[PDB]
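Structural description and commentary
Here's the letter readout for the chains.
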Amino acid sequence: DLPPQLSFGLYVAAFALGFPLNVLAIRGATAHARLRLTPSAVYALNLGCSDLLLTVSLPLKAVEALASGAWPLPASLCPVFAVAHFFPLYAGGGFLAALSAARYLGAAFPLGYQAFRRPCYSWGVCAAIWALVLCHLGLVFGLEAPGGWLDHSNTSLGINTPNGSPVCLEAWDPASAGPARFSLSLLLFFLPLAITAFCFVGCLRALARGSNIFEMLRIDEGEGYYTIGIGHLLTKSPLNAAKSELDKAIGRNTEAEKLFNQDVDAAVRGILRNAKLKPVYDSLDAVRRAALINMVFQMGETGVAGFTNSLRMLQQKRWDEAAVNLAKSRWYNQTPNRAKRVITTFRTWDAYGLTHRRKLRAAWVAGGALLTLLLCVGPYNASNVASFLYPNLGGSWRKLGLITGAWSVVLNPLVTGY
Ligand SMILES: C[C@H](C(=O)O)[C@H](c1ccc2c(c1)O[C@@H](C1CCN([C@@H](C)c3cc(F)ccc3OC(F)(F)F)CC1)CC2)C1CC1
Ligand SMILES: Cc1cc(OCCCS(C)(=O)=O)cc(C)c1-c1cccc(COc2cc3c(cn2)[C@H]2[C@@H](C3)[C@@H]2C(=O)O)c1
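Residues numbered from 1 in each chain as written, not as in the entry; some residues may be left out. Chains lettered and ligands numbered in written order. Heavy atoms only, no water. Residues with missing side-chain atoms left out of burial classes, pairs and counts.

This entry lists X-ray crystallography as its structure determination method and reports a resolution of 3.22 Å.

Pasting the structure below:
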């Protein structure tokens, strides 16, 4: 049991909210792809376009719920309501799976994806999304649905006539309506749901994997012997011999954090070894200790002990006087864009950006994308299972199911726009 006073009230309250925010969502992705041509902007704009398709179909579904299931527009427009309503209920999953995928790929693998990704590639995914759902629905509609080349009946296209008024699709024969709705859910929903979830997982795991000083030395650097990783020197002799030296160190054939961490873990043992630096490190900031390891990697324990006047000014807890003595040095003149970033960081992470926030925002797009699929689309998609397995259950479940599914239009743009 579901009263029409409530069903109409839910379908119009979701339309009054869905329509403008989607207009804000579309405008947002158009403005941000003009300024940069972002890969997930295509997903956000394409999600908005499909979302609004459902939004303008809500009044007709509100009037349908009013006329109590009965179809109130002519029979020649029901295959156009079906395509406008049920396409975004399945489509949304494919976009939020690629949108959340784009967010994860640039969270876990930022230097690889940035080089890989381009706009046209992302249009390719949506182009395959539009086609897939339009064909899966199209074929299931052109065959199984009442009024196709399978049902030899006088009843119009997608129209069922019970004594009463003609109803569009909802009055479908339970024996055939079940299996046709189950294949749509099984294929077009559980698989895009898995990627979104696995991406949200990966985004959480990209948060715990970062290291403040790595990002500080990634910006700083990036014999002249050919090697791999963030300064993790391979060998002095040339390449098949250098290859397995990297392969046996990680396990995988032919990540740089584990090799930087091990490199730094031993680099601290070198600072302790050099007695002229050891007291200074032990009295310094956790923040300022990383500004010293920056110079240690750059010059060595020789050059670090050489600047004795400035290091003593660091032991004496005087940052401003040491930074001036450091501003007039052979190192400052040698490396001009790196020196100053260490000097300002010694005196005061502010001087260094940029990765925490992007790994955090991307963990929140795929995080919200997971819950909009489990709170909007989800309950609906779960009824195409429960009604399929247990045929005794009434339309009261699916009516609320198609109601939560319709509240996708309000929830989905909030995910992308936060
Ligand atoms: C991030 C990359 C970029 O942007 O540049 C992009 C990429 C990489 C991985 C994934 C990327 C997209 O989309 C995810 C999608 C792909 C489209 N699938 C659809 C088409 C789908 C497949 C099914 F088997 C069943 C239902 C489906 O749902 C539907 F509703 F859309 F139909 C949803 C997952 C999976 C992971 C690369 C250019 C290719
Ligand atoms: C196949 C077809 C034929 C057609 O016209 C045939 C020519 C008309 S005539 C014979 O009068 O000349 C018009 C359209 C829009 C379509 C068409 C194309 C793409 C998608 C669709 C919409 O399909 C669907 C499919 C399902 C639903 C809704 N719409 C309900 C079921 C399964 C899903 C669900 O409840 O989960 C329909």
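So that's the structure; there's more coming.
**A closer look at the overall build of the protein**
The criterion, for reference: Helix and strand definitions follow DSSP, with helices as H or I runs of at least four residues and strands as E runs of at least two, each counted in order from the N terminus.
Looking only at helices and strands, the protein has 22 helices and two strands in total. In terms of overall dimensions, the protein has a C-alpha envelope of 100 × 50 × 40 Å along the principal axes.

**Observations concerning the state of the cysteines**
The condition that has to hold: Disulfide: a pair of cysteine sulfur atoms within 2.5 Å of each other.
Paired through a disulfide, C78 and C168 show a sulfur-sulfur distance of 2.0 Å. Residues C78 and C168 are joined by a disulfide whose S-S torsion is about 70°; by sign, that bridge is right-handed. Just so you know, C135 is unpaired, no disulfide at all, and the nearest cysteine sulfur is the one on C126, 16 Å from it.

**Overview of the pattern of salt bridges**
Cut-off, in case you're wondering: In the sections that follow, a salt bridge refers to a side-chain nitrogen of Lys or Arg positioned within 4 Å of a carboxyl oxygen of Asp or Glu.
Put simply, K61 and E170 hold a salt bridge, and the shortest N to O gap is 3.9 Å. The closest approach of N and O atoms between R181 and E170, which form a salt bridge, is 3.5 Å. Of this pair, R181 sits in helix α7 (residues 174-188) while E170 sits in the loop between β2 (167-168) and α7; the two residues are eleven residues apart in sequence, bridging distant segments of the chain. A single salt-bridge network, built from bridges that share partners, covers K61, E64, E170, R181 and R398.

**Looking at the packing of helix α1 (residues 4-35) against helix α22 (residues 408-416)**
Threshold: Lines are fitted to the C-alpha atoms to define the axes, a helix being fitted only along its stretch in contact, and any angle between axes, read from their N-to-C directions, falls within 0 to 180 degrees. Oblique is the label for any angle not covered by the other classes, which are roughly parallel (under 35 degrees), roughly antiparallel (over 145) and roughly perpendicular (65 to 115). For any pair of crossing helices, the crossing counts as left-handed if the nearer helix is rotated counterclockwise from the farther one by less than a right angle, and right-handed if it is rotated clockwise. Whether two residues are in contact is decided by their heavy atoms: any pair within 4.5 Å suffices. Residues are grouped as follows: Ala, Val, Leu, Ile, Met, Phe, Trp, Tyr, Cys and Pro are nonpolar; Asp, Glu, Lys and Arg are charged; all remaining types, including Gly, are polar.
One way to put it is that α1 packs onto α22 with a least axis distance of 8 Å and a crossing angle of 30°. Of the possible angle classes, the one that applies to α1 and α22 is roughly parallel. Our pair here, α1 against α22, has a crossing hand that is left-handed. Contact with α1, carried on its side by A14, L17, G18, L21, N22 and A25, involves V409, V410, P413 and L414 of α22 and no other residues of that element. Each residue belonging to the contact of α1 with α22 can be placed in one class, and the counts come to eight nonpolar, two polar and no charged.

**A word on the packing of aromatic side chains**
Defined as follows: Each aromatic pair joins two rings of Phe, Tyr and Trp (for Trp, the six-membered one) with centres within 6.5 Å, and gets the label stacked for planes under 30 degrees apart, edge-to-face for over 60, and tilted for any other angle.
Ring centres 4.5 Å apart and planes at 25° place the aromatic pair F87 and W130 in the stacked group. Placement of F87 in helix α4 (residues 78-108) and of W130 in helix α6 (residues 119-142) is noted, with a sequence separation of 43 residues between them. When the centroid spacing of 5.4 Å and the interplanar angle of 85° are considered together, the rings of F214 and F260 count as edge-to-face. What links up through ring pairs into an aromatic cluster is the set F86, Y90 and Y380.

**A few points about the packing of α7 against helix α8 (residues 190-209)**
Between two packed helices, what matters for the description is the angle formed by their axes and the separation of those axes. At a closest axis distance of 4 Å, the pairing of α7 and α8 adopts a crossing angle of 25°. Between α7 and α8, the crossing angle belongs to the class labelled roughly parallel. Taking contact as the criterion, the partners of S185, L186, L187 and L188 in α7 are, on α8, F190, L191 and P192. Partitioned by chemical class, the residues of the contact of α7 with α8 number six nonpolar, one polar and no charged.

**Examining the side chain of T196**
Inclusion rule: Any N or O atom pair separated by 3.5 Å or less is treated as a polar contact, with the protein-specific requirement of one donor-capable and one acceptor-capable atom, and with residues adjacent in sequence counted only for side-chain atom pairs.
As for its position among the elements, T196 is in helix α8. Side-chain polar atoms of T196 contact the backbone oxygen of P192, separated by 2.8 Å.

**Here we look at the environment of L374**
Summarising the element assignment, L374 is placed in helix α19 (residues 356-381). In the structure, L374 is positioned 31 residues away from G405 in sequence and 9.8 Å away in space, judged by C-alpha atoms. Ignoring any residue separated from it by four or fewer positions in sequence, one finds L374 in contact with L193 and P379.

**A look at unusual backbone geometry**
Although it is not a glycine, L37 adopts a positive phi angle of roughly 65°. Within the element layout of this structure, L37 appears in the loop between α1 and α2 (39-55). Located in the positive-phi region is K317, a residue other than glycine, with phi close to 55°. When you line up the elements, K317 lands in the loop between α15 (308-315) and α16 (319-327).

**What about the environment of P110?**
Relative to the assigned elements, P110 resides in helix α5 (residues 110-116). Ignoring any residue separated from it by four or fewer positions in sequence, one finds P110 in contact with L105 and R358.

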